[PDB]
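Chemist: Can you keep this structure in mind? I'll have questions shortly.
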Amino acid sequence: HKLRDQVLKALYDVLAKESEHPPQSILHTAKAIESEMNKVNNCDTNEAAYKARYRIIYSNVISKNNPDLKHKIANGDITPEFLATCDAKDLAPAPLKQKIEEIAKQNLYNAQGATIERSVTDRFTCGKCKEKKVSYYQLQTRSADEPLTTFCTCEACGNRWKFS
Amino acid sequence: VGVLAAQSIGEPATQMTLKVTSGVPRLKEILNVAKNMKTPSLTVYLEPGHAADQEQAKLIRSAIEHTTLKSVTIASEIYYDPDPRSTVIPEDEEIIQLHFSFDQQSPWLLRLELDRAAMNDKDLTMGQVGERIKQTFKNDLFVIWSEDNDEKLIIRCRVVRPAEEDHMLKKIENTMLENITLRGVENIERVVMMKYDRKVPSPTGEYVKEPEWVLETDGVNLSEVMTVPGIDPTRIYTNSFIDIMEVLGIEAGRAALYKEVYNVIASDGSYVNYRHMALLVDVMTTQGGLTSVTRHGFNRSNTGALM
Amino acid sequence: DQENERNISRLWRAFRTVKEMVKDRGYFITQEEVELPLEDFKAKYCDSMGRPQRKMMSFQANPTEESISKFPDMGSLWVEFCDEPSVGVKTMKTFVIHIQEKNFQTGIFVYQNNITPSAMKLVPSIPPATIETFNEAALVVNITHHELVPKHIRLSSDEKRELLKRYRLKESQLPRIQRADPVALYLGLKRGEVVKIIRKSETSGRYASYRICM
Amino acid sequence: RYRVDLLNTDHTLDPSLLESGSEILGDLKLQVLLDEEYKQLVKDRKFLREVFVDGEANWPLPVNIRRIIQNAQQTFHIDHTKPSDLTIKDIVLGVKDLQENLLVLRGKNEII
Amino acid sequence: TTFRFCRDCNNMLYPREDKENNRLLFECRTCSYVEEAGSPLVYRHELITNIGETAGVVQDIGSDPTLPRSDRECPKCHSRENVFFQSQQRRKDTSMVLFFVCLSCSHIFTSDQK
Amino acid sequence: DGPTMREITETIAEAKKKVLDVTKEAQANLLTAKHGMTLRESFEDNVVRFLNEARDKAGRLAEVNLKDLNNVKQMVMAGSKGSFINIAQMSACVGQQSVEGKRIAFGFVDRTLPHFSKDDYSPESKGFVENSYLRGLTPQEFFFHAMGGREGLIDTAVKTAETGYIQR
Ligand SMILES: [Mg+2]
Ligand SMILES: [Zn+2]
Ligand SMILES: [Zn+2]
Ligand SMILES: [Zn+2]
């Protein structure tokens with residue numbers, strides 16, 4: 001019964017330490033036993049993942065930012081809900097939340113790569129689709145006896161060609 | 001025909017250019033393998049059930065790319081903490097009762113701190129990596145770590161054994177920084193997402209340029225990359241044709257090799273008939289294995305002495 | 001969840017790939033059996049919550065009527081999945097004795113991880129029975145379903161003799177294929193066998209080709 | 001483009017294109033021949049869409065068809081009015097005639 | 001993080017731990033002088049840095065003629081003369097932030113506004 | 001035509017103005033820092049794209065102004081030799097000469113050539129070529145032109161021996 005006494009004593013400590021005092025100490029130990037008996041409903045002290053969810057909820061309570069989690073957990077937000085929530089990112093607090101979504105937006109942008117854009121004109125005509133959406137580009141390859149190549153590519157379909 | 005094919009493929013190599021290796025040295029490396037690459041790029045298509053899901057694409061890139069501790073390590077400091085069950089550092093004191101709700105250890109604290117952004121960009125929380133560094137030894141390292149939600153993510157570890165601390169702890173620090181894998185598969189590096197399109201048959205019976213999302217990389221492996229979920233195993237493709245040979249088969253190898261040489265010589269100065277290039281590719285592959293045309297490669301064969 | 005689920009999924013896909021291998025080698029399996037649902041396999045072959053019991057779902061199989069029509073000699077085949085991470089010499093010894101007692105000629109073995117060479121030395125024992133080993137991660141993906149590999153098909157020795165007397169070759173100038181090729185271990189062929197190969201050509205679409213196992 | 005239905009309504013030919021085309025409207029045998037070559041063509045379309053995933057039209061190939069029938073037109077001086085003396089039977093047999101008469105490999109056995 | 005030296009003899013001090021009183025005592029390996037440590041910090045690797053764009057300033061940077069001149073002012077002395085020049089660090093990822101040094105206020109200031 | 005010449009001039013001038021605006025935005029440190037590459041690389045990509053758009057817009061304007069009795073226009077749309085790029089190159093502007101994509105590197109300390117003031121990325125500084133052939137050059141543009149030509153000559157004179165070996 002080591003875990004079912006230790007977590008009950010933990011909730012005794014983290015509910016007596018609140019500025020929200022326990023004169024309804026019987027209500028608060030009812031809340032604690034409800035919390036622990038839904039907490040075991042994932043594991044029943046038979047799975048290694050028991051302590052992880054306990055650490056999540058425990059240090060979310062003892063976080064401060066925020067202390068208002070104590071008030072909302074004593075005035076509502078019932079404990080069998082908060083095994084099945086797994087809302088650790090979602091709670092305590094919302095400024096850290098909006099920080100995380102800015103971080104996720106920044107990472108999703110920065111993981112995108114190179115997108116060289118291939119400026120087009122209507123001067124030539126494609127071979128496949130025969131459209132004047134030529135993604136043209138110009139450069140020199142051969143020896144000194146000639147100018148540039150007149151490289152060609154169509155951007156409407158993907159057709160590369162060359163002009164003589 | 002082979003002589004005419006040879007002269008035809010030989011003519012446009014004089015009109016060449018010199019990112020990604022192209023031109024003459026790339027052609028020479030491809031034609032003259034050289035179990036060495038210089039460009040370990042491999043192309044990956046997603047599962048077609050995920051068309052344009054960017055969160056799915058970054059979940060996949062996080063699943064595939066290897067990282068280390070040094071990918072997320074910034075602050076790596078060392079401390080002398082005399083009390084084993086009370087911190088001298090005033091910030092880490094609540095984590096003592098977080099992990100405290102097995103004594104014969106040195107009073108020397110190693111301490112690591114990471115980035116929040118460089119932690120959850122790859123979508124890992126600190127609890128399982130503290131679990132990971134716990135389980136990789138479990139015998140010598142008493143390992144303490146915080147919550148995710150703290151302002152500064154911290155690791156507290158000590159050496160446990162029932163003078164001579166600094167250099168041992170420094171070497172163990174260097175070892176855990178240099179060796180411990182986190183997720184992904186090693187010899188694969190940074191990965192980026194292009195918004196490619198693909199000509200796709202229309203449901204009404206036509207063709208349409210439809211977008212899709214792809215994966216490119218700077219590292220090579222084949223034996224693990226089709227294993228991970230959410231991936232098309234079929235349409236994977238790599239420039240590194242020797243690995244395609246080894247994993248798939250020699251017919252797929254000569255197909256991939258012909259595709260690679262066609263891309264390289266069709267980058268400019270295109271084109272030639274397919275039959276010359278196909279003849280070359282298949283005569284270079286028709287011995288049950290790859291064979292570069294060297295002084296040693298094709299020549300050490302049951303071939304006549306005067307050629 | 002952690003990697004338990006992807007371990008289950010990898011075992012499911014490996015089971016899939018082995019089933020189509022036994023099918024296209026020419027042994028009578030219902031084609032519907034390979035699209036068995038992942039959750040159905042999970043409910044079918046896990047003990048209590050997350051542990052698959054790899055010793056028991058190993059199964060026997062028989063040649064098709066068309067397989068007997070082409071070739072006169074295939075006995076029944078038998079597959080296995082051990083639970084041991086490396087493979088013990090006594091465990092595989094009991095395996096090969098069971099194969100000999102049940103009178104089978106094709107050894108189909110799957111190892112979790114590496115096997116000692118002291119098991120590998122008595123692998124080519126009891127001829128004419130033949131023994132083969134695969135990795136799950138080597139068979140997580142059905143190699144033929146990759147679009148780059150062409151179709152493969154087996155031959156009779158009669159058809160090989162017909163091919164040689166038609167094209168007037170003698171056995172050696174024909175192009176080879178390595179025994180250690182992945183498609184070679186997929187088809188399980190040995191030396192002296194000829195493989196016809198059809199690939200989607202770009203000037204005639206369908207195109208004959210031939211390989212000899214060496 | 002290709003659907004012809006000799007007894008149905010919408011894809012029916014105009015009988016001003018053939019003198020022996022008005023009376024054959026509804027014949028079963030000619031309809032069967034047209035339907036089986038139509039099925040041949042649609043299975044060919046499926047085969048080509050399989051063997052090229054993209055859908056490229058222009059391809060390298062032997063002898064041109066467009067210019068050779070163009071000079072056939074401008075040498076034998078076709079007009080714009082006369083229905084041809086052709087029959088559907090003649091066309092559908094002669095295409096298979098030329099089809100077998102293309103001969104690249106002389107030989108007799110099954111493999112050849 | 002600095003490397004103290006024994007005041008009796010200018011030699012590199014090493015950390016060594018008290019056996020029972022549990023304090024870091026920087027004892028000299030040359031002589032017998034010993035000193036307690038202010039902090040439990042000993043070693044520090046610092047695998048990531050971003051530093052070096054600024055320094056190398058002499059009191060007469062503007063005495064050299066080759067630096068360009070502009071008309072943005074110093075935001076302490078309001079004099080319109082200045083000397084501007086880019087970063088003194090050169091990595092392949094250093095920024096196009098600029099450094100503006102004046103002669104009147106003799107002060108360094110930048111043009112970033114994030 | 002002279003009005004078309006001054007249209008070329010103001011087109012290059014507004015290109016320089018937008019380049020100066022982008023450099024000022026960089027120098028005040030607020031930029032996109034485009035995905036994939038580095039901040040400097042995005043800056044280089046921007047200035048290269050702006051100057052190439054300036055060059056070929058100038059060439060398009062010159063070619064569409066050019067007359068129908070122009071004999072070298074008759075030559076080029078007649079085929080054989082020269083091109084639109086040849087005519088534009090000789091008649092309106094050159095564009096920034098370069099070696100291996102990057103423009104002309106910081107050879108000396110802090111600057112390109114010792115003849116400008118320190119720490120500049122202006123189109124004069126790195127040496128985007130302003131003028132056409134016909135009005136002449138400045139010596140800096142002459143030098144950069146010699147740089148790009150010499151690069152072409154050395155790559156040809158090595159690649160001929162390498163391609164001969166691989167062909168044999
Ligand atoms: Mg010989
Ligand atoms: Zn096109
Ligand atoms: Zn001393
Ligand atoms: Zn001032």
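Chain labels A, B, ... are given in the sequence in which chains occur in the structure tokens; within each chain residues are numbered consecutively from 1, and ligands are likewise numbered from 1 in the order shown.
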Determine, counting only C-alpha atoms, which protein, DNA and RNA residues have an atom within 9 Å of an atom of stretch 156-162 of chain C; residues of the same chain fewer than 2 positions away are not included. Present the result as a count of residues only.

Modeler: 10

Chemist: Enumerate the residues of stretch 53-179 of chain B with a DSSP assignment of strand (DSSP E), computed from the backbone, and present them as a PyMOL selection string.

Modeler: chain B and resi 73-80+108-114+141-145+154-159

Chemist: Give as number ranges by chain the residues surrounding ligand 2 up to a distance of 10 Å, considering only C-alpha atoms and all ligand atoms.

Modeler: A: 125-135, 153-161

Chemist: Kindly save the residues from that selection, with N, CA, C and O atoms included, as a JSON list (two decimals), in the first residue's frame.

Modeler:
[["chain", "number", "residue", "atom", "x", "y", "z"],
["A", 125, "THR", "N", 8.07, 28.83, -76.71],
["A", 125, "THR", "CA", 6.91, 27.94, -76.65],
["A", 125, "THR", "C", 7.39, 26.55, -76.26],
["A", 125, "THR", "O", 8.43, 26.08, -76.74],
["A", 126, "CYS", "N", 6.62, 25.89, -75.39],
["A", 126, "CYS", "CA", 6.94, 24.58, -74.87],
["A", 126, "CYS", "C", 6.90, 23.50, -75.96],
["A", 126, "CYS", "O", 6.43, 23.71, -77.08],
["A", 127, "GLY", "N", 7.43, 22.33, -75.63],
["A", 127, "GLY", "CA", 7.39, 21.21, -76.55],
["A", 127, "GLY", "C", 6.30, 20.21, -76.22],
["A", 127, "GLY", "O", 5.71, 19.60, -77.11],
["A", 128, "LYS", "N", 6.04, 20.03, -74.92],
["A", 128, "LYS", "CA", 5.08, 19.06, -74.43],
["A", 128, "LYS", "C", 3.69, 19.64, -74.52],
["A", 128, "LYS", "O", 2.85, 19.16, -75.28],
["A", 129, "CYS", "N", 3.46, 20.73, -73.79],
["A", 129, "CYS", "CA", 2.16, 21.37, -73.77],
["A", 129, "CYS", "C", 2.05, 22.54, -74.73],
["A", 129, "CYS", "O", 0.93, 23.01, -74.95],
["A", 130, "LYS", "N", 3.18, 22.99, -75.30],
["A", 130, "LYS", "CA", 3.27, 24.11, -76.26],
["A", 130, "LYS", "C", 2.67, 25.40, -75.71],
["A", 130, "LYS", "O", 1.86, 26.07, -76.35],
["A", 131, "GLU", "N", 3.08, 25.75, -74.49],
["A", 131, "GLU", "CA", 2.63, 26.95, -73.82],
["A", 131, "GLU", "C", 3.79, 27.92, -73.66],
["A", 131, "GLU", "O", 4.96, 27.52, -73.58],
["A", 132, "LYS", "N", 3.46, 29.20, -73.62],
["A", 132, "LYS", "CA", 4.45, 30.25, -73.43],
["A", 132, "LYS", "C", 4.53, 30.66, -71.97],
["A", 132, "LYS", "O", 4.20, 31.79, -71.58],
["A", 133, "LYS", "N", 4.95, 29.72, -71.15],
["A", 133, "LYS", "CA", 5.22, 29.94, -69.74],
["A", 133, "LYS", "C", 6.62, 29.48, -69.43],
["A", 133, "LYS", "O", 6.87, 28.73, -68.48],
["A", 134, "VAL", "N", 7.56, 29.93, -70.25],
["A", 134, "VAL", "CA", 8.92, 29.38, -70.32],
["A", 134, "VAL", "C", 9.69, 29.79, -69.07],
["A", 134, "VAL", "O", 10.02, 30.96, -68.90],
["A", 135, "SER", "N", 10.00, 28.83, -68.21],
["A", 135, "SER", "CA", 10.96, 29.07, -67.13],
["A", 135, "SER", "C", 12.35, 29.05, -67.76],
["A", 135, "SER", "O", 13.06, 28.05, -67.79],
["A", 153, "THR", "N", 13.29, 25.90, -70.32],
["A", 153, "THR", "CA", 12.46, 24.96, -69.58],
["A", 153, "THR", "C", 11.05, 25.53, -69.56],
["A", 153, "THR", "O", 10.89, 26.75, -69.46],
["A", 154, "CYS", "N", 10.03, 24.68, -69.70],
["A", 154, "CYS", "CA", 8.66, 25.11, -69.49],
["A", 154, "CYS", "C", 8.27, 24.92, -68.04],
["A", 154, "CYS", "O", 8.55, 23.87, -67.45],
["A", 155, "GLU", "N", 7.62, 25.92, -67.45],
["A", 155, "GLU", "CA", 7.14, 25.81, -66.08],
["A", 155, "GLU", "C", 5.68, 25.37, -66.00],
["A", 155, "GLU", "O", 5.23, 24.96, -64.92],
["A", 156, "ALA", "N", 4.94, 25.44, -67.11],
["A", 156, "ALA", "CA", 3.54, 25.03, -67.10],
["A", 156, "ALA", "C", 3.40, 23.52, -66.93],
["A", 156, "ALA", "O", 2.41, 23.06, -66.35],
["A", 157, "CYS", "N", 4.37, 22.74, -67.41],
["A", 157, "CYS", "CA", 4.30, 21.29, -67.29],
["A", 157, "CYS", "C", 5.60, 20.69, -66.74],
["A", 157, "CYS", "O", 5.56, 19.68, -66.04],
["A", 158, "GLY", "N", 6.74, 21.31, -67.06],
["A", 158, "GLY", "CA", 8.01, 20.76, -66.63],
["A", 158, "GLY", "C", 8.97, 20.46, -67.77],
["A", 158, "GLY", "O", 10.04, 19.88, -67.54],
["A", 159, "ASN", "N", 8.61, 20.84, -68.99],
["A", 159, "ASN", "CA", 9.39, 20.43, -70.15],
["A", 159, "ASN", "C", 10.62, 21.30, -70.29],
["A", 159, "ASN", "O", 10.52, 22.50, -70.57],
["A", 160, "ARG", "N", 11.78, 20.67, -70.19],
["A", 160, "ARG", "CA", 13.05, 21.29, -70.50],
["A", 160, "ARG", "C", 13.36, 21.08, -71.99],
["A", 160, "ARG", "O", 13.16, 19.99, -72.53],
["A", 161, "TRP", "N", 13.93, 22.11, -72.62],
["A", 161, "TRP", "CA", 14.50, 21.99, -73.96],
["A", 161, "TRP", "C", 15.63, 23.00, -74.11],
["A", 161, "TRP", "O", 16.09, 23.61, -73.14]]

Chemist: Using only C-alpha atoms and all ligand atoms, find each residue with an atom at most 6 Å away from ligand 1 and format the answer as a list in words.

Modeler: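 Here is the list of contacting residues: residues 302, 303 and 304 of chain B.
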
Chemist: Any idea which chain C residues end up within 10 Å of chain D if we count only C-alpha atoms, as a ChimeraX atom specification please?

Modeler: /C:162-163,166-167,199-206,208

Chemist: Compute the set of protein, DNA and RNA residues whose minimum atom distance to ligand 4 is at most 6 Å, using only C-alpha atoms and all ligand atoms, and state it as a tab-separated table (two decimals) with C-alpha atoms, in the first residue's frame.

Modeler:
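Final output, out33.tsv:
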chain	number	residue	atom	x	y	z
E	74	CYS	CA	25.04	59.62	-31.78
E	75	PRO	CA	22.04	59.30	-29.43
E	76	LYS	CA	23.91	60.85	-26.49
E	77	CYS	CA	25.71	63.88	-27.97
E	78	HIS	CA	23.50	64.48	-31.08
E	105	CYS	CA	30.37	61.09	-27.41

Chemist: Neighbours of ligand 3 at 9 Å or closer, counting only C-alpha atoms and all ligand atoms: which residues, as a list in words?

Modeler: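 Every residue with an atom at most 9 Å from ligand 3 is listed here: residues 5, 6, 7, 8, 9, 10, 11, 12, 13, 27, 28, 29, 30, 31, 32, 33 and 34 of chain E.
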
Chemist: Now that the selection is made, can you save its residues with N, CA, C and O atoms as a PDB file, in the first residue's frame?

Modeler:
ATOM      1  N   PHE E   5      45.900  32.304  -9.312  1.00  0.00           N
ATOM      2  CA  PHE E   5      47.274  31.894  -9.108  1.00  0.00           C
ATOM      3  C   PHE E   5      47.621  32.090  -7.646  1.00  0.00           C
ATOM      4  O   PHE E   5      47.028  32.932  -6.964  1.00  0.00           O
ATOM      5  N   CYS E   6      48.549  31.268  -7.162  1.00  0.00           N
ATOM      6  CA  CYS E   6      49.017  31.400  -5.793  1.00  0.00           C
ATOM      7  C   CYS E   6      49.780  32.707  -5.658  1.00  0.00           C
ATOM      8  O   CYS E   6      50.669  33.000  -6.462  1.00  0.00           O
ATOM      9  N   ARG E   7      49.377  33.522  -4.681  1.00  0.00           N
ATOM     10  CA  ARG E   7      49.986  34.831  -4.494  1.00  0.00           C
ATOM     11  C   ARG E   7      51.431  34.709  -4.031  1.00  0.00           C
ATOM     12  O   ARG E   7      52.239  35.598  -4.317  1.00  0.00           O
ATOM     13  N   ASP E   8      51.771  33.629  -3.333  1.00  0.00           N
ATOM     14  CA  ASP E   8      53.163  33.401  -2.984  1.00  0.00           C
ATOM     15  C   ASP E   8      53.969  33.027  -4.226  1.00  0.00           C
ATOM     16  O   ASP E   8      55.109  33.476  -4.376  1.00  0.00           O
ATOM     17  N   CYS E   9      53.398  32.262  -5.151  1.00  0.00           N
ATOM     18  CA  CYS E   9      54.179  31.830  -6.304  1.00  0.00           C
ATOM     19  C   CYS E   9      53.263  31.645  -7.505  1.00  0.00           C
ATOM     20  O   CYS E   9      52.342  30.827  -7.463  1.00  0.00           O
ATOM     21  N   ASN E  10      53.523  32.400  -8.580  1.00  0.00           N
ATOM     22  CA  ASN E  10      52.559  32.607  -9.667  1.00  0.00           C
ATOM     23  C   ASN E  10      52.410  31.336 -10.490  1.00  0.00           C
ATOM     24  O   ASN E  10      52.996  31.166 -11.560  1.00  0.00           O
ATOM     25  N   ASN E  11      51.594  30.427  -9.975  1.00  0.00           N
ATOM     26  CA  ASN E  11      51.444  29.109 -10.558  1.00  0.00           C
ATOM     27  C   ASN E  11      49.970  28.763 -10.621  1.00  0.00           C
ATOM     28  O   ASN E  11      49.161  29.292  -9.857  1.00  0.00           O
ATOM     29  N   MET E  12      49.645  27.860 -11.538  1.00  0.00           N
ATOM     30  CA  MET E  12      48.268  27.490 -11.815  1.00  0.00           C
ATOM     31  C   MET E  12      47.665  26.715 -10.649  1.00  0.00           C
ATOM     32  O   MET E  12      48.124  25.616 -10.324  1.00  0.00           O
ATOM     33  N   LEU E  13      46.648  27.292 -10.016  1.00  0.00           N
ATOM     34  CA  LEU E  13      45.984  26.638  -8.901  1.00  0.00           C
ATOM     35  C   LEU E  13      45.057  25.540  -9.387  1.00  0.00           C
ATOM     36  O   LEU E  13      44.408  25.662 -10.428  1.00  0.00           O
ATOM     37  N   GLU E  27      44.349  24.339  -3.482  1.00  0.00           N
ATOM     38  CA  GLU E  27      45.699  24.221  -2.962  1.00  0.00           C
ATOM     39  C   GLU E  27      46.701  24.352  -4.096  1.00  0.00           C
ATOM     40  O   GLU E  27      46.480  23.862  -5.210  1.00  0.00           O
ATOM     41  N   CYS E  28      47.790  25.047  -3.811  1.00  0.00           N
ATOM     42  CA  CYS E  28      48.853  25.191  -4.788  1.00  0.00           C
ATOM     43  C   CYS E  28      49.606  23.872  -4.904  1.00  0.00           C
ATOM     44  O   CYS E  28      49.837  23.190  -3.904  1.00  0.00           O
ATOM     45  N   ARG E  29      49.925  23.471  -6.129  1.00  0.00           N
ATOM     46  CA  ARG E  29      50.752  22.285  -6.286  1.00  0.00           C
ATOM     47  C   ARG E  29      52.230  22.597  -6.179  1.00  0.00           C
ATOM     48  O   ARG E  29      53.034  21.676  -6.011  1.00  0.00           O
ATOM     49  N   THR E  30      52.604  23.868  -6.275  1.00  0.00           N
ATOM     50  CA  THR E  30      53.983  24.233  -6.001  1.00  0.00           C
ATOM     51  C   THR E  30      54.194  24.368  -4.500  1.00  0.00           C
ATOM     52  O   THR E  30      54.866  23.538  -3.884  1.00  0.00           O
ATOM     53  N   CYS E  31      53.546  25.331  -3.871  1.00  0.00           N
ATOM     54  CA  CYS E  31      53.783  25.571  -2.460  1.00  0.00           C
ATOM     55  C   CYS E  31      52.567  25.136  -1.654  1.00  0.00           C
ATOM     56  O   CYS E  31      51.582  24.640  -2.191  1.00  0.00           O
ATOM     57  N   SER E  32      52.633  25.334  -0.347  1.00  0.00           N
ATOM     58  CA  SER E  32      51.589  24.822   0.528  1.00  0.00           C
ATOM     59  C   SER E  32      50.417  25.779   0.704  1.00  0.00           C
ATOM     60  O   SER E  32      49.583  25.522   1.579  1.00  0.00           O
ATOM     61  N   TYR E  33      50.337  26.865  -0.067  1.00  0.00           N
ATOM     62  CA  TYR E  33      49.226  27.801   0.080  1.00  0.00           C
ATOM     63  C   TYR E  33      47.928  27.175  -0.415  1.00  0.00           C
ATOM     64  O   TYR E  33      47.900  26.477  -1.431  1.00  0.00           O
ATOM     65  N   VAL E  34      46.854  27.423   0.328  1.00  0.00           N
ATOM     66  CA  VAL E  34      45.545  26.860   0.044  1.00  0.00           C
ATOM     67  C   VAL E  34      44.514  27.980   0.160  1.00  0.00           C
ATOM     68  O   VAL E  34      44.727  28.973   0.862  1.00  0.00           O
TER      69      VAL E  34
END

Chemist: Write down, as a ChimeraX atom specification, each residue of chain D that has any atom within 9 Å of an atom of chain B, counting only C-alpha atoms.

Modeler: /D:49,53-55,60

Chemist: What are the nearest atom pairs, with distances in Å to one decimal, for all residues of chain A that come at most 7 Å from chain B, using only C-alpha atoms, set out by chain and rising residue number as a Markdown table?

Modeler:
| residue | atom | partner | partner_atom | distance |
| --- | --- | --- | --- | --- |
| A:6 | CA | B:101 | CA | 6.7 |
| A:56 | CA | B:147 | CA | 6.9 |
| A:59 | CA | B:147 | CA | 6.5 |
| A:103 | CA | B:117 | CA | 6.4 |
| A:104 | CA | B:121 | CA | 6.9 |
| A:107 | CA | B:121 | CA | 6.2 |
| A:111 | CA | B:192 | CA | 5.5 |
| A:112 | CA | B:193 | CA | 5.0 |
| A:113 | CA | B:192 | CA | 5.3 |
| A:141 | CA | B:17 | CA | 5.6 |
| A:142 | CA | B:15 | CA | 5.3 |
